[PDB]
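# Reading the structure
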Amino acid sequence: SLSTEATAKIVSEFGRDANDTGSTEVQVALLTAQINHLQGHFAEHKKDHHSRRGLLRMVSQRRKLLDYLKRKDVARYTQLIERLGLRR
Amino acid sequence: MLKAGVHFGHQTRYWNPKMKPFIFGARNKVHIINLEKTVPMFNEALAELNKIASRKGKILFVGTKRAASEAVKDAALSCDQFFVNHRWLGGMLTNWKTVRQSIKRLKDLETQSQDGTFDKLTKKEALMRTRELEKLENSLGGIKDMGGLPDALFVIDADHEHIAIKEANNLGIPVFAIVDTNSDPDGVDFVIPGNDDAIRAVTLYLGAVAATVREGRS
Amino acid sequence: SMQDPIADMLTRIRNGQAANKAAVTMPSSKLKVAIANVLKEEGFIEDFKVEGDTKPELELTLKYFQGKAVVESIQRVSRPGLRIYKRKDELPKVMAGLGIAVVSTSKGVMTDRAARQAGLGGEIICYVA
RNA sequence: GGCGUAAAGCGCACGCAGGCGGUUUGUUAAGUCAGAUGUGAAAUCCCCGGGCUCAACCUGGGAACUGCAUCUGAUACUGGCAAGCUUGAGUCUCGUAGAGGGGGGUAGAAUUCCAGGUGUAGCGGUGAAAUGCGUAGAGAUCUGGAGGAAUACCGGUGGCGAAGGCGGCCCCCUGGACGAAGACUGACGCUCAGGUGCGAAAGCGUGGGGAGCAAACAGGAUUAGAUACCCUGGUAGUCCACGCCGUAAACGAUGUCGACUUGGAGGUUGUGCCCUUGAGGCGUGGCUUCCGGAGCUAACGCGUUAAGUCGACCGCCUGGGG
RNA sequence: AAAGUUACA
Ligand SMILES: [Mg+2]
Ligand SMILES: [Mg+2]
Ligand SMILES: [Mg+2]
Ligand SMILES: [Mg+2]
Ligand SMILES: [Mg+2]
Ligand SMILES: [Mg+2]
Ligand SMILES: [Mg+2]
Ligand SMILES: [Mg+2]
Ligand SMILES: [Mg+2]
Ligand SMILES: [Mg+2]
Ligand SMILES: [Mg+2]
Ligand SMILES: [Mg+2]
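Conventions and cut-offs
- Residues numbered from 1 in each chain as written, not as in the entry; some residues may be left out.
- Chains lettered and ligands numbered in written order.
- Part of a larger assembly, values for the part shown.
- Heavy atoms only, no water.
- UniProt positions renumbered as here; feature names shortened; annotations may be inferred.
- Axes fitted to C-alpha atoms, helices over the stretch in contact; angles between N-to-C directions.
- Helix = DSSP H or I, 4+ residues; strand = E, 2+ residues; numbered from the N terminus.
- Parallel < 35°, antiparallel > 145°, perpendicular 65-115°, else oblique.
- Left-handed = near helix turned anticlockwise from the far one by under 90°.
- Contact = heavy atoms within 4.5 Å.
- Nonpolar A, V, L, I, M, F, W, Y, C, P; charged D, E, K, R; others polar.
- Buried < 20%, exposed > 50% of the residue type's maximum accessible area, 1.4 Å probe, protein only.
- Arc of directions from axis to C-beta.
- Pairing = 2+ DSSP bridges.
- Polar contact = N/O pair within 3.5 Å; in protein donor to acceptor, adjacent residues only side chain to side chain.
- Near = heavy atom within 4 Å.
- Core = buried A, V, L, I, M, F, W, Y, C linked by side-chain atoms within 4.5 Å.

The record lists cryo-EM as the method behind this PDB entry and 3 Å as its resolution.

Identification of chain B as Small ribosomal subunit protein uS2 from Escherichia coli is taken from the PDB entry. The record lists the entry's title as "E. coli pre-elongation complex without an A-site tRNA with EQ2-EttA in Hydrolytic 1 conformation". Of the comments in the UniProt record for chain B, the one headed Function reads "Required for ribosomal protein bS1 (rpsA) to bind to the 30S subunit." As its UniProt record puts it under Subunit (literature references left out), chain B is described as follows: "Part of the 30S ribosomal subunit, contacts bS1. Some nascent polypeptide chains are able to cross-link to this protein in situ. In collided ribosomes contacts ribosome rescue factor SmrB."

The PDB entry lists chain A under the name Small ribosomal subunit protein uS15, with Escherichia coli given as the organism. If you open the UniProt record of chain A and go to Sequence similarities, you find "Belongs to the universal ribosomal protein uS15 family."

## Here we look at the packing of helix α2 (residues 24–44) of chain A against helix α4 (residues 74–84) of chain A
Residues and elements named next belong to chain A. Taken N-terminus to C-terminus, the directions of α2 and α4 make an angle of 25 degrees; their axes are 11 Å apart at the nearest point. Taken as axis vectors, α2 and α4 run roughly parallel relative to one another. When you trace α2 past α4, the crossing you get is right-handed. Residue-level inspection shows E25, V28, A29 and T32 of α2 in contact with α4, the latter providing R76, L80 and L84. Residue classes in the contact of α2 with α4 are distributed as 4 nonpolar, 1 polar and 2 charged.

## Some words on helix α6 (residues 162–170) of chain B
Residue and element names in this part refer to chain B. Residues of α6 that are buried: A164, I165, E167 and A168. Buried residues along α6 cover an arc of 160 degrees about the axis, so they all sit on one side. When the buried face of α6 is taken as reference, the exposed residues oriented beyond 90 degrees from it are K166 and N170. Contacts from the buried residues of α6 go to β5 (153–155) and β6 (175–179).

## Details of the sheet that holds strand β3 (residues 57–61) of chain C
Hydrogen bonds along the backbone pair up the strands of a sheet, which may run parallel or antiparallel. All names here are of chain C. Here 3 strands make up an open sheet; going across it, the order is β1-β3-β2 and the pairing antiparallel. Taken across any chain shown, the strands that pair with only one partner, and hence form the sheet edges, are β1 (23–27) and β2 (48–51). Strand-to-strand twist in this sheet, taken as the mean axis angle between neighbours without regard to direction, amounts to 20 degrees. By the bridge criterion, 5 bridges tie β1 to β3 in an arrangement that is antiparallel. Its bridge partner being in β3, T25 is matched across the sheet by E59. Against the sheet, helix α2 (residues 30–42) engages β1, β2 and β3, with an angle of about 160 degrees to β2.

## Section: the side chain of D20(A)
Residue and element names in this part refer to chain A. Tracing the backbone shows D20 in the loop between α1 (4–14) and α2. Polar side-chain contacts of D20 include one of 2.4 Å to the side chain of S23. In this view, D20 contacts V11, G15 and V26; residues no more than four positions away in its chain are not counted.

## A short note on the packing of α2(A) against helix α3 (residues 49–72) of chain A
Residue and element names in this part refer to chain A. One can describe the packing of α2 onto α3 by two numbers: an axis separation of 10 Å at closest approach and a directional angle of 150 degrees. Between α2 and α3, the angle falls in the class roughly antiparallel. Seen from above, α2 lies across α3 with left-handed handedness. Residue-level contacts link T24, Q27, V28, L31, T32, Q34, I35, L38, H41 and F42 of α2 to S51, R52, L55, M58, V59, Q61, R62, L65, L66, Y68 and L69 of α3.

## Structural notes on unusual backbone geometry
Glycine aside, residues mostly have negative phi, and peptide bonds are mostly found in the trans state. Backbone geometry places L2(A), a non-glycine residue, at a positive phi of 60 degrees. Positionally, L2(A) belongs in the segment before α1. Phi is positive for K29(B), which is not a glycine, with a value near 55 degrees. Summarising the element assignment, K29(B) is placed in the loop between β1 (23–26) and β2 (30–33).

## Thoughts on the protein's contact with RNA strand D
Close to RNA strand D lie 71 residues; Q27(A), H41(A), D8(C), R14(C) and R79(C) are nearest. Near the protein, meaning within 4 Å, the atoms of RNA strand D are sugar or phosphate in a fraction of 81%, with bases accounting for the rest. A distance of 3.4 Å separates a sugar or linking oxygen of RNA strand D from a polar atom in the backbone of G121(C). Top contributing element to the surface near RNA strand D by residue count: α3(A), with 13 residues.

## Brief notes about the environment of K97(B)
Position of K97(B) among the secondary structure elements: in helix α4 (residues 96–115). A C-alpha to C-alpha distance of 9.8 Å links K97(B) and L149(B), two positions 52 residues apart in sequence.

## A word on the pairing of β2(B)
Residue and element names in this part refer to chain B. Inspection of the sheet shows β1 paired to β2 by 4 bridges, in the antiparallel sense. Among the inter-strand pairings, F24 is bridged to a residue of β2, identified as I32. In this structure, the hairpin formed by β1 and β2 is closed by a connection of 3 residues, where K29 is found at a positive phi of approximately 55 degrees.

## Side note on the nonpolar core
Nonpolar side chains tend toward joint burial in soluble globular proteins. All names here are of chain B. Among the nonpolar cores identified, the biggest contains 34 residues, and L60, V84, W88, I143, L153, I165 and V175 are the most heavily contacted of them. Breaking this core down by element, the ones donating at least two residues are β3 (60–62), β4 (82–84), α4, α5 (123–139), β5, α6 and β6. Residue contributions to this core peak at 5 residues, all from α4. Of all hydrophobic cores here, the second largest spans 26 residues; its members include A71, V72, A76 and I156.

Right under this line is the structure:
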């Protein structure tokens, strides 16, 4: 579930400060890390419908943050989706 | 002015939330009645009681719980007034056009105890008539001398004497009731927040009230 | 979520009068202060206060002429789901003029009688009868 | 105007279009508002008059024509734009309780079957009986073994899950709630037609598996009849893998999301403080059960988890039958 | 254990 060491790495990378956890870059990147990580889990457990519901909450709530960040400043959104790798 | 300090009460751990302004909690799961907000309204009730006693309004005292069962007799029959010490008959005020008949029978039986039903008839009938007379007397007691409806009602428990309060509200009779923390202010016209299930307290209430009435007779 | 803070304001007043509270309190706002100003000068509610630095908090002292509550009926008219704008011709009268209607004109928030004298119209915020 | 029970809340959720949207400042004037102009045919309608002796009818002026367009200005509200602010929403740190889910193992009890050893004449069943099983030796009892399915006690208006639903123990994958104190983002929000997903049992398809139960079916009774209830059996099914179906009295017959409005008694699960003293006490949070106040209402009843007072969206109803 | 039915003003 995105172990504490893994989260610190992403927070420090996309965060504009060492303890900046909450900026939409970090939030989206944290969601992307877990969505990609959970992808392997569901290639084995197809009928884990309850865990997939939690995954869909992350998929949708990332789109809400991505759609939000583009509205505020389309430039910072473009460097995000390119560096993370998504939006296709 | 917070003299006796024997009227803090609380009746229980719980309460009736309408009693909120007059109480604070205590360590024993107990609701201390604010006497500082009891003495001002108590004088107000005494002030109006003095006013109606000047108009000769036939003040009625109501107490049925064993604490006030005998004390109400002591205060009402003390000066000039009436009382109900036993069970309050449902409707002895609103249905007074019928209860007045029972008083008339009680007087007739009271007369019969002096000229009629004592030896002019069998013991099998004299006993039952006498048994009925004391049954009628204990229930229709102090109100036997009341000429009709009263003008002010004094109550010891709002919750216990709820029927009498509702009857007085149905009529046009002000209700001077003392209320615990478990009672209901909704219905009485002069709240007197304090203990009511204790001899030390009800005697203080009755003694103060009766003294006010005796002044009012002047 | 909360989408009509003013309708929230009227509900606190309505429930506070129904609960016989000595004062109701809600998060403050420019519009709430403007309306509460109308209600205070009109007699329906007593003095009001705004406290706070970064979270303003508006308190209204509810008024009771007798055992009853002064504010008998207070109703929201122009809600976010339906905006009601009135010309100067058709400004509503509440309880045959005994009550008031709080209306937002281009010259501030006033009553129906005040806006009528000013010869303006605007949004019908609420009826206060 | 309604939707707990009268007709009416989709089974549940995610979610695009749409609808709505916290607070402060500025700015623009789009909605909105105040005038003005152009126009809104005449006649009809209305109001004040006039003429047929009155009336109908005819007719002079108005007022209307609730509209639209343009010009000027007002900025309180809504909208656009800019800059913010944290209350909503979310991210992180630490911990907590869980039948939440998927996968893989395994433990014991019991039923059945098979093979054996004692051993006898009944067993089984019913309201009574009978079919059935049993001297080819049953039932009973002990030993060994095989198989499948379900997890006694704990166990609880206990818990978890959006709903359906989830109950031995152990592992490895995973989801979601909650709390304390801290930072962080800064309206990122609510609802949701169409769409998408999940969705008891039964059922269907293809492979397995099959102890026990058991539709169908058979026999025995019961009955006037008995295609039933009862008895003895017994196949699909119930179990697994993977697809399909997509319905339930899928129900607290109560859509979701916020706010506000007396109380009492409990359960469950976090926590921060004193006298850590020792059982304890005072508070603060989240879910949950019962009773009840006002209020509500046709009444039953609901009642801080509203069916109270309100807002934002959505769904649905319009007499009974057909 | 068995126990079905019985047109309205
Ligand atoms: Mg209707
Ligand atoms: Mg029905
Ligand atoms: Mg439902
Ligand atoms: Mg949408
Ligand atoms: Mg739950
Ligand atoms: Mg099935
Ligand atoms: Mg099958
Ligand atoms: Mg059978
Ligand atoms: Mg259905
Ligand atoms: Mg169910
Ligand atoms: Mg339904
Ligand atoms: Mg209803």
